[PDB]
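Okay, start_8.cif now, which holds mmCIF, C-alpha atoms and all ligand atoms:
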data_target
#
loop_
_atom_site.group_PDB
_atom_site.id
_atom_site.type_symbol
_atom_site.label_atom_id
_atom_site.label_comp_id
_atom_site.auth_asym_id
_atom_site.auth_seq_id
_atom_site.Cartn_x
_atom_site.Cartn_y
_atom_site.Cartn_z
ATOM 1 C CA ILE A 1 -0.286 10.778 -4.056
ATOM 2 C CA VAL A 2 -0.101 13.253 -6.949
ATOM 3 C CA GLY A 3 -3.358 14.735 -8.333
ATOM 4 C CA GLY A 4 -5.489 13.217 -5.551
ATOM 5 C CA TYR A 5 -7.742 14.777 -2.891
ATOM 6 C CA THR A 6 -7.917 14.945 0.882
ATOM 7 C CA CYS A 7 -9.616 11.754 1.973
ATOM 8 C CA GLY A 8 -11.275 13.196 5.065
ATOM 9 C CA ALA A 9 -10.364 12.017 8.587
ATOM 10 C CA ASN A 10 -10.689 8.285 9.158
ATOM 11 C CA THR A 11 -12.570 7.634 5.884
ATOM 12 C CA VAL A 12 -9.970 4.923 5.042
ATOM 13 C CA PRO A 13 -9.936 3.035 8.384
ATOM 14 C CA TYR A 14 -7.662 0.207 7.219
ATOM 15 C CA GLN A 15 -4.820 2.535 6.211
ATOM 16 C CA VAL A 16 -1.755 2.436 8.474
ATOM 17 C CA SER A 17 1.482 4.490 8.559
ATOM 18 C CA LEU A 18 4.777 2.602 9.194
ATOM 19 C CA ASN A 19 6.897 4.850 11.369
ATOM 20 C CA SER A 20 10.604 4.808 12.461
ATOM 21 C CA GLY A 21 10.721 8.388 13.833
ATOM 22 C CA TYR A 22 9.045 9.602 10.591
ATOM 23 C CA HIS A 23 6.476 8.084 8.144
ATOM 24 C CA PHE A 24 8.303 5.917 5.556
ATOM 25 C CA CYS A 25 5.599 3.573 4.117
ATOM 26 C CA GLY A 26 1.918 2.753 4.198
ATOM 27 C CA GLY A 27 0.200 -0.588 4.819
ATOM 28 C CA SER A 28 -3.275 -2.135 5.245
ATOM 29 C CA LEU A 29 -4.760 -3.679 8.328
ATOM 30 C CA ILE A 30 -6.213 -7.136 7.337
ATOM 31 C CA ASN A 31 -7.128 -8.376 10.886
ATOM 32 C CA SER A 32 -6.492 -7.014 14.417
ATOM 33 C CA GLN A 33 -2.941 -8.259 14.645
ATOM 34 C CA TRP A 34 -1.694 -8.239 11.031
ATOM 35 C CA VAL A 35 -0.769 -5.653 8.427
ATOM 36 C CA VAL A 36 0.178 -6.203 4.773
ATOM 37 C CA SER A 37 2.746 -3.866 3.206
ATOM 38 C CA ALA A 38 5.492 -4.043 0.585
ATOM 39 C CA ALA A 39 8.732 -5.983 1.092
ATOM 40 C CA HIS A 40 10.769 -3.003 0.075
ATOM 41 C CA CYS A 41 9.417 -1.179 3.163
ATOM 42 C CA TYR A 42 11.206 -3.653 5.410
ATOM 43 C CA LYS A 43 13.445 -2.351 8.236
ATOM 44 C CA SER A 44 13.742 -3.094 11.915
ATOM 45 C CA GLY A 45 12.295 -0.702 14.507
ATOM 46 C CA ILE A 46 8.825 -0.326 12.941
ATOM 47 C CA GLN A 47 6.008 1.226 14.921
ATOM 48 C CA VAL A 48 2.585 0.784 13.144
ATOM 49 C CA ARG A 49 0.300 3.810 13.466
ATOM 50 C CA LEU A 50 -3.407 3.157 13.070
ATOM 51 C CA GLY A 51 -6.338 5.659 12.970
ATOM 52 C CA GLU A 52 -4.248 8.478 11.602
ATOM 53 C CA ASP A 53 -5.243 11.402 9.451
ATOM 54 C CA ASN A 54 -2.693 14.183 10.273
ATOM 55 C CA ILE A 55 0.532 12.151 10.952
ATOM 56 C CA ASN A 56 2.208 15.122 12.662
ATOM 57 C CA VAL A 57 -0.595 15.799 15.208
ATOM 58 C CA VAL A 58 -2.120 13.418 17.809
ATOM 59 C CA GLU A 59 -5.804 14.277 17.123
ATOM 60 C CA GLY A 60 -7.363 11.267 18.885
ATOM 61 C CA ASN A 61 -8.185 7.806 17.394
ATOM 62 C CA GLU A 62 -4.533 6.926 16.931
ATOM 63 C CA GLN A 63 -3.192 3.597 18.175
ATOM 64 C CA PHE A 64 0.651 3.185 18.035
ATOM 65 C CA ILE A 65 1.689 -0.470 18.236
ATOM 66 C CA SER A 66 5.135 -1.899 17.720
ATOM 67 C CA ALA A 67 5.616 -4.628 15.138
ATOM 68 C CA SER A 68 6.530 -8.001 16.783
ATOM 69 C CA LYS A 69 7.863 -9.484 13.399
ATOM 70 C CA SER A 70 7.923 -8.587 9.722
ATOM 71 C CA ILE A 71 7.848 -11.463 7.209
ATOM 72 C CA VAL A 72 9.116 -10.515 3.770
ATOM 73 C CA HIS A 73 7.986 -12.931 1.008
ATOM 74 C CA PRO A 74 10.873 -15.574 0.718
ATOM 75 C CA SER A 75 11.000 -15.068 -3.073
ATOM 76 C CA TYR A 76 11.086 -11.277 -3.012
ATOM 77 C CA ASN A 77 13.644 -10.023 -5.571
ATOM 78 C CA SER A 78 14.860 -6.483 -4.751
ATOM 79 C CA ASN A 79 16.141 -5.962 -8.270
ATOM 80 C CA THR A 80 12.864 -6.749 -10.109
ATOM 81 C CA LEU A 81 10.519 -6.153 -7.150
ATOM 82 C CA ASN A 82 8.764 -9.379 -8.050
ATOM 83 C CA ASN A 83 6.829 -10.681 -4.933
ATOM 84 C CA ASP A 84 6.956 -7.256 -3.283
ATOM 85 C CA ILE A 85 4.774 -8.092 -0.268
ATOM 86 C CA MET A 86 5.404 -8.337 3.486
ATOM 87 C CA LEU A 87 3.251 -9.214 6.482
ATOM 88 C CA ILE A 88 3.769 -7.436 9.840
ATOM 89 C CA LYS A 89 2.499 -8.971 13.050
ATOM 90 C CA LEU A 90 1.595 -6.430 15.768
ATOM 91 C CA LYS A 91 2.851 -6.831 19.358
ATOM 92 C CA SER A 92 -0.753 -6.570 20.614
ATOM 93 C CA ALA A 93 -4.045 -6.510 18.768
ATOM 94 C CA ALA A 94 -5.552 -3.252 17.598
ATOM 95 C CA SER A 95 -9.060 -2.214 18.861
ATOM 96 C CA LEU A 96 -11.291 -2.227 15.755
ATOM 97 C CA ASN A 97 -14.284 0.127 15.555
ATOM 98 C CA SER A 98 -15.503 2.466 12.757
ATOM 99 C CA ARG A 99 -12.280 4.520 12.664
ATOM 100 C CA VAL A 100 -9.927 1.541 12.669
ATOM 101 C CA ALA A 101 -11.086 -1.499 10.687
ATOM 102 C CA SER A 102 -9.551 -4.225 8.533
ATOM 103 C CA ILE A 103 -10.079 -4.603 4.763
ATOM 104 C CA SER A 104 -10.957 -7.953 3.155
ATOM 105 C CA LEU A 105 -8.618 -9.959 1.005
ATOM 106 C CA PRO A 106 -10.029 -10.763 -2.485
ATOM 107 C CA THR A 107 -11.464 -14.075 -3.635
ATOM 108 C CA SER A 108 -10.761 -13.329 -7.287
ATOM 109 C CA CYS A 109 -8.487 -10.938 -9.127
ATOM 110 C CA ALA A 110 -9.938 -7.711 -10.569
ATOM 111 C CA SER A 111 -10.320 -6.954 -14.252
ATOM 112 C CA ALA A 112 -8.905 -4.101 -16.262
ATOM 113 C CA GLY A 113 -11.270 -1.136 -15.983
ATOM 114 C CA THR A 114 -12.048 -1.795 -12.288
ATOM 115 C CA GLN A 115 -11.963 1.559 -10.415
ATOM 116 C CA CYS A 116 -9.929 1.459 -7.172
ATOM 117 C CA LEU A 117 -9.011 3.758 -4.322
ATOM 118 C CA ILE A 118 -5.312 4.335 -3.610
ATOM 119 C CA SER A 119 -4.354 6.330 -0.472
ATOM 120 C CA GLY A 120 -1.230 7.456 1.364
ATOM 121 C CA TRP A 121 0.965 10.205 2.823
ATOM 122 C CA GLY A 122 3.567 10.080 0.033
ATOM 123 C CA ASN A 123 4.816 12.887 -2.145
ATOM 124 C CA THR A 124 2.203 15.048 -3.886
ATOM 125 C CA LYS A 125 4.576 16.601 -6.497
ATOM 126 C CA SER A 126 5.882 14.824 -9.588
ATOM 127 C CA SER A 127 8.744 17.291 -9.950
ATOM 128 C CA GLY A 128 9.709 18.089 -6.337
ATOM 129 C CA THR A 129 8.890 16.853 -2.829
ATOM 130 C CA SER A 130 5.923 18.055 -0.801
ATOM 131 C CA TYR A 131 4.793 15.563 1.815
ATOM 132 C CA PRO A 132 1.311 16.122 3.219
ATOM 133 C CA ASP A 133 0.206 16.126 6.817
ATOM 134 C CA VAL A 134 -3.129 14.425 6.111
ATOM 135 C CA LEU A 135 -4.131 11.388 4.095
ATOM 136 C CA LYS A 136 -4.618 11.758 0.325
ATOM 137 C CA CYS A 137 -6.814 9.647 -1.924
ATOM 138 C CA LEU A 138 -6.909 8.906 -5.602
ATOM 139 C CA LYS A 139 -9.490 6.911 -7.569
ATOM 140 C CA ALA A 140 -7.699 5.058 -10.438
ATOM 141 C CA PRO A 141 -8.610 2.231 -12.862
ATOM 142 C CA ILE A 142 -6.642 -1.022 -13.379
ATOM 143 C CA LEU A 143 -5.113 -0.918 -16.881
ATOM 144 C CA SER A 144 -5.053 -3.847 -19.316
ATOM 145 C CA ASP A 145 -2.024 -6.069 -19.274
ATOM 146 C CA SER A 146 -1.109 -5.025 -22.802
ATOM 147 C CA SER A 147 -0.941 -1.353 -21.893
ATOM 148 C CA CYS A 148 0.993 -2.134 -18.739
ATOM 149 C CA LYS A 149 3.518 -4.307 -20.655
ATOM 150 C CA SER A 150 3.756 -1.788 -23.417
ATOM 151 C CA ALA A 151 4.608 0.838 -20.791
ATOM 152 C CA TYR A 152 7.214 -1.279 -18.983
ATOM 153 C CA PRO A 153 8.442 -3.808 -21.558
ATOM 154 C CA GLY A 154 10.190 -6.766 -19.900
ATOM 155 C CA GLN A 155 9.540 -5.527 -16.358
ATOM 156 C CA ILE A 156 6.032 -6.732 -15.565
ATOM 157 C CA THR A 157 5.581 -10.186 -14.037
ATOM 158 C CA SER A 158 2.325 -12.014 -13.437
ATOM 159 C CA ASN A 159 2.401 -10.680 -9.845
ATOM 160 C CA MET A 160 2.057 -7.062 -10.899
ATOM 161 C CA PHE A 161 -0.566 -4.820 -12.522
ATOM 162 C CA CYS A 162 -0.643 -1.177 -13.562
ATOM 163 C CA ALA A 163 -3.328 1.266 -12.431
ATOM 164 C CA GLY A 164 -3.595 4.938 -13.194
ATOM 165 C CA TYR A 165 -3.740 7.409 -16.070
ATOM 166 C CA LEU A 166 -1.529 7.297 -19.166
ATOM 167 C CA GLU A 167 -1.988 11.048 -19.655
ATOM 168 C CA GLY A 168 -0.032 11.580 -16.366
ATOM 169 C CA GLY A 169 -1.061 14.004 -13.545
ATOM 170 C CA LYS A 170 -2.532 11.538 -11.058
ATOM 171 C CA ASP A 171 -0.514 8.641 -9.518
ATOM 172 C CA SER A 172 0.990 7.178 -6.340
ATOM 173 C CA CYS A 173 4.541 8.241 -5.488
ATOM 174 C CA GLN A 174 7.365 7.725 -2.974
ATOM 175 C CA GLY A 175 5.947 7.525 0.575
ATOM 176 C CA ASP A 176 2.831 5.756 -0.654
ATOM 177 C CA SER A 177 4.807 2.438 -0.939
ATOM 178 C CA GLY A 178 3.192 -0.495 0.863
ATOM 179 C CA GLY A 179 -0.223 1.134 0.948
ATOM 180 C CA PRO A 180 -3.575 -0.137 -0.328
ATOM 181 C CA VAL A 181 -5.272 -0.289 -3.718
ATOM 182 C CA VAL A 182 -8.893 -1.257 -2.810
ATOM 183 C CA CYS A 183 -11.460 -2.158 -5.433
ATOM 184 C CA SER A 184 -15.045 -3.078 -4.580
ATOM 185 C CA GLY A 185 -14.154 -3.406 -0.913
ATOM 186 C CA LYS A 186 -11.290 -5.863 -1.444
ATOM 187 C CA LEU A 187 -7.539 -5.246 -1.168
ATOM 188 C CA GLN A 188 -6.365 -5.937 -4.749
ATOM 189 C CA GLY A 189 -2.997 -4.157 -4.781
ATOM 190 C CA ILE A 190 -0.035 -2.822 -2.797
ATOM 191 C CA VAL A 191 1.779 0.332 -3.962
ATOM 192 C CA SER A 192 5.104 -1.023 -5.271
ATOM 193 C CA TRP A 193 6.908 0.938 -7.960
ATOM 194 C CA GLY A 194 6.762 3.180 -11.049
ATOM 195 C CA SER A 195 9.085 5.430 -13.197
ATOM 196 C CA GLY A 196 8.821 8.814 -11.536
ATOM 197 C CA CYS A 197 5.363 9.828 -10.408
ATOM 198 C CA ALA A 198 2.485 10.919 -12.610
ATOM 199 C CA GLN A 199 4.579 11.006 -15.797
ATOM 200 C CA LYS A 200 2.787 10.397 -19.088
ATOM 201 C CA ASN A 201 2.671 6.768 -20.183
ATOM 202 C CA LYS A 202 4.392 5.600 -16.910
ATOM 203 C CA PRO A 203 1.567 4.434 -14.649
ATOM 204 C CA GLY A 204 2.190 3.008 -11.166
ATOM 205 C CA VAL A 205 2.768 -0.721 -10.736
ATOM 206 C CA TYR A 206 1.212 -2.674 -7.911
ATOM 207 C CA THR A 207 1.674 -6.058 -6.326
ATOM 208 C CA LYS A 208 -1.265 -8.294 -7.432
ATOM 209 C CA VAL A 209 -2.595 -9.452 -4.053
ATOM 210 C CA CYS A 210 -5.077 -12.037 -5.396
ATOM 211 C CA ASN A 211 -1.971 -14.144 -6.258
ATOM 212 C CA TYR A 212 -0.916 -14.245 -2.592
ATOM 213 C CA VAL A 213 -4.039 -14.980 -0.636
ATOM 214 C CA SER A 214 -3.210 -18.636 0.118
ATOM 215 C CA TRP A 215 0.401 -17.552 1.092
ATOM 216 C CA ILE A 216 -0.941 -14.849 3.426
ATOM 217 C CA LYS A 217 -3.447 -17.265 4.996
ATOM 218 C CA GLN A 218 -0.909 -20.044 5.485
ATOM 219 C CA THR A 219 1.734 -17.727 6.835
ATOM 220 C CA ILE A 220 -0.644 -16.051 9.351
ATOM 221 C CA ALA A 221 -1.933 -19.460 10.357
ATOM 222 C CA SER A 222 1.553 -20.639 11.228
ATOM 223 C CA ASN A 223 2.789 -17.456 13.061
HETATM 224 N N1 LIG A 301 3.815 5.588 -9.402
HETATM 225 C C1 LIG A 301 4.730 5.339 -8.517
HETATM 226 N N2 LIG A 301 4.487 4.683 -7.408
HETATM 227 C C2 LIG A 301 5.585 4.717 -6.720
HETATM 228 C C3 LIG A 301 5.840 4.170 -5.482
HETATM 229 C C4 LIG A 301 7.132 4.377 -4.978
HETATM 230 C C5 LIG A 301 8.090 5.100 -5.723
HETATM 231 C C6 LIG A 301 7.784 5.651 -6.997
HETATM 232 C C7 LIG A 301 6.506 5.423 -7.446
HETATM 233 N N3 LIG A 301 5.961 5.800 -8.566
HETATM 234 CA CA CA A 302 -2.210 12.110 14.034
#

Would you kindly transcribe this structure into structure tokens?
Amino acid sequence: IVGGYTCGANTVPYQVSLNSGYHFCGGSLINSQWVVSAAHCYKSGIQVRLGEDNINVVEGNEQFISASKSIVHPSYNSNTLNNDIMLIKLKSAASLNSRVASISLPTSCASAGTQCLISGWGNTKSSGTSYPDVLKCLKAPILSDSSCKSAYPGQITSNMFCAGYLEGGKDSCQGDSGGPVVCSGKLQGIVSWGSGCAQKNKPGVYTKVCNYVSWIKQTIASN
């Protein structure tokens, strides 16, 4: 997260860290046994880490659970990143409390102008790499489809939306991939892609979760 602030320990209880010997992507807990992340974060050997703040120190509240299966959307296109969403089933259920909790899926999509909270342990520098130890937060608005399409002509599908600042300076970045974009208490986006991080007129692009709720429900119901 570039231009964000320190969230504060366990203030984002649905945030998870996907770990394979190091943190490589974020995700959101949507129930005690399932996590939603981005398809491009797929790999085998994933350990899901819940209740984290400093990812390099066991401070208490952490729950490390192995993933039993990862289900990448069948229509995910790695060249266009269309349908960039994945569900991860945990080997055992997580214990939910105030520090570890799930986030609700939306019932309707959000409108441009909606202010959302984006969080993660990704890079904090636009020109260079500095990975933080603790969780960073950024409040950002959803942009209109015209501004998004004008920023990324020919690359935005109906399953994506832009959020951020056109002046640059604040944005998600590598390492934040798969993490949450929450607006009014509902998970509306998943950190997917962008051109660089925090560059002027190149806002971040997110997977539009409201378009996948029935898919998520049906898939969880059958697995
Ligand atoms: N804004 C933005 N978000 C990103 C997520 C992964 C890689 C680069 C990115 N740029
Ligand atoms: Ca920790």

For chain A versus ligand LIG 301 (chain A), which residues have an atom no more than 9 Å away, and what is each residue's nearest atom pair and distance in Å rounded to one decimal, using all atoms listed in the file, chain-then-number order, as a Markdown table?
| residue | atom | partner | partner_atom | distance |
| --- | --- | --- | --- | --- |
| A:1 | CA | A:LIG301 | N2 | 8.4 |
| A:2 | CA | A:LIG301 | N1 | 9.0 |
| A:122 | CA | A:LIG301 | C4 | 8.4 |
| A:163 | CA | A:LIG301 | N1 | 8.9 |
| A:164 | CA | A:LIG301 | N1 | 8.3 |
| A:170 | CA | A:LIG301 | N1 | 8.9 |
| A:171 | CA | A:LIG301 | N1 | 5.3 |
| A:172 | CA | A:LIG301 | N2 | 4.4 |
| A:173 | CA | A:LIG301 | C2 | 3.9 |
| A:174 | CA | A:LIG301 | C5 | 3.9 |
| A:175 | CA | A:LIG301 | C4 | 6.5 |
| A:176 | CA | A:LIG301 | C3 | 5.9 |
| A:177 | CA | A:LIG301 | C3 | 5.0 |
| A:178 | CA | A:LIG301 | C3 | 8.3 |
| A:191 | CA | A:LIG301 | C3 | 5.8 |
| A:192 | CA | A:LIG301 | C3 | 5.2 |
| A:193 | CA | A:LIG301 | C2 | 4.2 |
| A:194 | CA | A:LIG301 | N3 | 3.7 |
| A:195 | CA | A:LIG301 | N3 | 5.6 |
| A:196 | CA | A:LIG301 | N3 | 5.1 |
| A:197 | CA | A:LIG301 | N3 | 4.5 |
| A:198 | CA | A:LIG301 | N1 | 6.4 |
| A:199 | CA | A:LIG301 | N1 | 8.4 |
| A:202 | CA | A:LIG301 | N1 | 7.5 |
| A:203 | CA | A:LIG301 | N1 | 5.8 |
| A:204 | CA | A:LIG301 | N1 | 3.5 |
| A:205 | CA | A:LIG301 | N1 | 6.5 |
| A:206 | CA | A:LIG301 | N2 | 8.1 |

Can you tell me which residues come within 12 Å of ligand CA 302 (chain A) when counting all atoms listed in the file, ideally as a PDB file with C-alpha atoms, in the coordinates of the input?
ATOM      1  CA  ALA A   9     -10.364  12.017   8.587  1.00  0.00           C
ATOM      2  CA  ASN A  10     -10.689   8.285   9.158  1.00  0.00           C
ATOM      3  CA  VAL A  16      -1.755   2.436   8.474  1.00  0.00           C
ATOM      4  CA  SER A  17       1.482   4.490   8.559  1.00  0.00           C
ATOM      5  CA  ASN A  19       6.897   4.850  11.369  1.00  0.00           C
ATOM      6  CA  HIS A  23       6.476   8.084   8.144  1.00  0.00           C
ATOM      7  CA  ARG A  49       0.300   3.810  13.466  1.00  0.00           C
ATOM      8  CA  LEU A  50      -3.407   3.157  13.070  1.00  0.00           C
ATOM      9  CA  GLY A  51      -6.338   5.659  12.970  1.00  0.00           C
ATOM     10  CA  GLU A  52      -4.248   8.478  11.602  1.00  0.00           C
ATOM     11  CA  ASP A  53      -5.243  11.402   9.451  1.00  0.00           C
ATOM     12  CA  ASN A  54      -2.693  14.183  10.273  1.00  0.00           C
ATOM     13  CA  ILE A  55       0.532  12.151  10.952  1.00  0.00           C
ATOM     14  CA  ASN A  56       2.208  15.122  12.662  1.00  0.00           C
ATOM     15  CA  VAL A  57      -0.595  15.799  15.208  1.00  0.00           C
ATOM     16  CA  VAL A  58      -2.120  13.418  17.809  1.00  0.00           C
ATOM     17  CA  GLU A  59      -5.804  14.277  17.123  1.00  0.00           C
ATOM     18  CA  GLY A  60      -7.363  11.267  18.885  1.00  0.00           C
ATOM     19  CA  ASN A  61      -8.185   7.806  17.394  1.00  0.00           C
ATOM     20  CA  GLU A  62      -4.533   6.926  16.931  1.00  0.00           C
ATOM     21  CA  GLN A  63      -3.192   3.597  18.175  1.00  0.00           C
ATOM     22  CA  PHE A  64       0.651   3.185  18.035  1.00  0.00           C
ATOM     23  CA  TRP A 121       0.965  10.205   2.823  1.00  0.00           C
ATOM     24  CA  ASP A 133       0.206  16.126   6.817  1.00  0.00           C
ATOM     25  CA  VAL A 134      -3.129  14.425   6.111  1.00  0.00           C
ATOM     26  CA  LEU A 135      -4.131  11.388   4.095  1.00  0.00           C
TER      27      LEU A 135
END

- Determine the residue set returned by the PyMOL selection byres (((chain A and resi 162) around 12) and not hetatm) for the present structure, and present it as a PyMOL selection string. chain A and resi 110-114+116+140-152+155-161+163-166+171-172+181+188-195+201-208

- Students should find that atom CA of residue A:44 and atom CA of residue A:209 are spaced 23.7 Å

- Task: I need the residue set behind the PyMOL selection byres (((chain A and resi 96-106) around 8) and not hetatm) for this file; please write it as a PyMOL selection string.
- Result: chain A and resi 10-14+28-32+50-51+61+94-95+107-109+185-188+209-210+213

- Query: How would you write, as an MDAnalysis selection string, the residues chosen by the PyMOL selection byres (((chain A and resi 66) around 12) and not hetatm) on this structure?
  - Reply: chainID A and resid 17:20 33:35 44:50 63:65 67:70 88:94

Produce a file of the selected residues containing C-alpha atoms, as a PDB file, keeping the file's coordinate frame.
ATOM      1  CA  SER A  17       1.482   4.490   8.559  1.00  0.00           C
ATOM      2  CA  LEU A  18       4.777   2.602   9.194  1.00  0.00           C
ATOM      3  CA  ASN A  19       6.897   4.850  11.369  1.00  0.00           C
ATOM      4  CA  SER A  20      10.604   4.808  12.461  1.00  0.00           C
ATOM      5  CA  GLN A  33      -2.941  -8.259  14.645  1.00  0.00           C
ATOM      6  CA  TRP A  34      -1.694  -8.239  11.031  1.00  0.00           C
ATOM      7  CA  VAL A  35      -0.769  -5.653   8.427  1.00  0.00           C
ATOM      8  CA  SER A  44      13.742  -3.094  11.915  1.00  0.00           C
ATOM      9  CA  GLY A  45      12.295  -0.702  14.507  1.00  0.00           C
ATOM     10  CA  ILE A  46       8.825  -0.326  12.941  1.00  0.00           C
ATOM     11  CA  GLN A  47       6.008   1.226  14.921  1.00  0.00           C
ATOM     12  CA  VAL A  48       2.585   0.784  13.144  1.00  0.00           C
ATOM     13  CA  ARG A  49       0.300   3.810  13.466  1.00  0.00           C
ATOM     14  CA  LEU A  50      -3.407   3.157  13.070  1.00  0.00           C
ATOM     15  CA  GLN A  63      -3.192   3.597  18.175  1.00  0.00           C
ATOM     16  CA  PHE A  64       0.651   3.185  18.035  1.00  0.00           C
ATOM     17  CA  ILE A  65       1.689  -0.470  18.236  1.00  0.00           C
ATOM     18  CA  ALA A  67       5.616  -4.628  15.138  1.00  0.00           C
ATOM     19  CA  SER A  68       6.530  -8.001  16.783  1.00  0.00           C
ATOM     20  CA  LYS A  69       7.863  -9.484  13.399  1.00  0.00           C
ATOM     21  CA  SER A  70       7.923  -8.587   9.722  1.00  0.00           C
ATOM     22  CA  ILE A  88       3.769  -7.436   9.840  1.00  0.00           C
ATOM     23  CA  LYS A  89       2.499  -8.971  13.050  1.00  0.00           C
ATOM     24  CA  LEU A  90       1.595  -6.430  15.768  1.00  0.00           C
ATOM     25  CA  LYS A  91       2.851  -6.831  19.358  1.00  0.00           C
ATOM     26  CA  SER A  92      -0.753  -6.570  20.614  1.00  0.00           C
ATOM     27  CA  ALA A  93      -4.045  -6.510  18.768  1.00  0.00           C
ATOM     28  CA  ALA A  94      -5.552  -3.252  17.598  1.00  0.00           C
TER      29      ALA A  94
END

- Message: Please report the interatomic distance between atom CA of residue A:214 and atom CA of residue A:37 in Å with one decimal.
- Response: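 Answer for the atom CA of residue A:214 to atom CA of residue A:37 separation: 16.2 Å.
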
If I wrap all listed atoms of stretch 137-147 of chain A in a box with edges along x, y and z and add 3 Å on each side, what are its centre and edge lengths in Å to one decimal, as JSON?
{"center_x": -5.2, "center_y": 1.8, "center_z": -12.4, "size_x": 14.5, "size_y": 21.7, "size_z": 26.9}

- Suppose you want the space between atom CA of residue A:220 and atom CA of residue A:74; what is it in Å?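 Computing the Euclidean distance for atom CA of residue A:220 and atom CA of residue A:74 yields 14.4 Å.
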
- Query: Any idea what's packed within 10 Å of residue A:216, counting all atoms listed in the file, ignoring anything in its chain fewer than 4 positions away? Could you give it as a PyMOL selection string?
  - Reply: chain A and resi 36+73+85-87+105+209+211-212+220-221

- Message: Applying 7 Å and only C-alpha atoms, which residues near residue A:136 remain after dropping the ones on its own chain fewer than 5 positions away? List them as a PyMOL selection string.
- Response: chain A and resi 1+4-7+119-121

- Message: Calculated over only C-alpha atoms, which of the candidates A:115, A:83, A:129, A:219 has the smallest distance to residue A:182?
- Response: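 Among A:115, A:83, A:129, A:219, it is A:115 that comes nearest to residue A:182.
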